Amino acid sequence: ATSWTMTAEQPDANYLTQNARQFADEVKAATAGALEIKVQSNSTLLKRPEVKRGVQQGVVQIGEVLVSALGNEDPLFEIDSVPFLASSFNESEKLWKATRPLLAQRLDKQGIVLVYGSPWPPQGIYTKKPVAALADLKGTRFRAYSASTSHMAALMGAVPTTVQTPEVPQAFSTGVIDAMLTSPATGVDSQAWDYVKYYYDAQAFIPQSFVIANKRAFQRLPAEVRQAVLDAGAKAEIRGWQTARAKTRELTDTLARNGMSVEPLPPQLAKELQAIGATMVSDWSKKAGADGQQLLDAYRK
């Protein structure tokens, strides 16, 4: 028998965390107890920027993390964060299908196995005051959570301030941040109605989360156990996509029930974020190589 420890980024409230828990449970049942994965969630073991290295170094054998957390190191890992490139689930899914094998190859070269992915819901904007154009956010201390969102915020004219998910309520309370961009899932997870008032259904992008394993640890399992992990992962990826699609509206309704103003994306903001998206995909294409171009070709196929 083998025991693994897994890190998961988000609290037990969060559906990606629940999907990882069910994945751990399904691995245990499918291997008849030969592999047990114990999940420590809410980034208490490793924080988002620490996950990849913790998995590589064997702090944990497996972990869940935002894909675009690897973006600074390798650009292919943040294509899911380019504004308005793939803002519907159907586009996101096609983008993911083109992105995944490239990521799996880039990770394998690093001693990491890509087990499965699942999407967050589309990213909206949360604010303390009404916003109708980028000007409203000029000089605003605006939460960033990745290299891509830091860059995006700067282009918006805001002052990017990196805050990891568990620290968001604190950061609002002490005035470190005054606005943010995130899904309605994080909005409900963190009960954001206590600290912000307006949510704009921007669908700026749909960032992926993935579950990645230490290759040496993975390779040491019996063949059948390795396959059970991959199959349980496949089921998790399907479950993850279905849940995100099924829950996006319920989560948005939850924000409104709890007194947030929930609004569609204002047209000037829509225009300006689209222009920001054009810049970023150009910026991205330059720093991605031919691998980048074959990804974009595959997507736009």
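Residue positions are given as counts along the sequence shown, with the first one as 1.
- When the C-alpha B-factors of 25-33 and 250-258 are averaged, 25-33 comes out higher.
- Look at the mean CA B-factor for 55-63 and for 268-276 in the entry; the higher one is 268-276.
- Taking the PDB entry at face value, the top CA B factor among 165, 209, 123, 174 belongs to 174.
- Out of 186, 203, 99, 118, it is 99 whose C-alpha atom has the highest B-factor in the PDB entry.
- Among the modelled residues of its chain, residue 192 has a C-alpha B-factor that falls in the lowest third according to the deposited record.
- Residue 294 sits in the highest third of its chain by CA B factor, as recorded in the PDB entry.
- Per-chain ranking of the deposited C-alpha B factor places residue 218 in the middle third.
- Among the modelled residues of the chain, residue 199 sits in the lowest third by CA temperature factor in this PDB entry.
- In this PDB entry, the Cα temperature factor of residue 182 sits in the bottom third of its chain's modelled residues, the lowest group.
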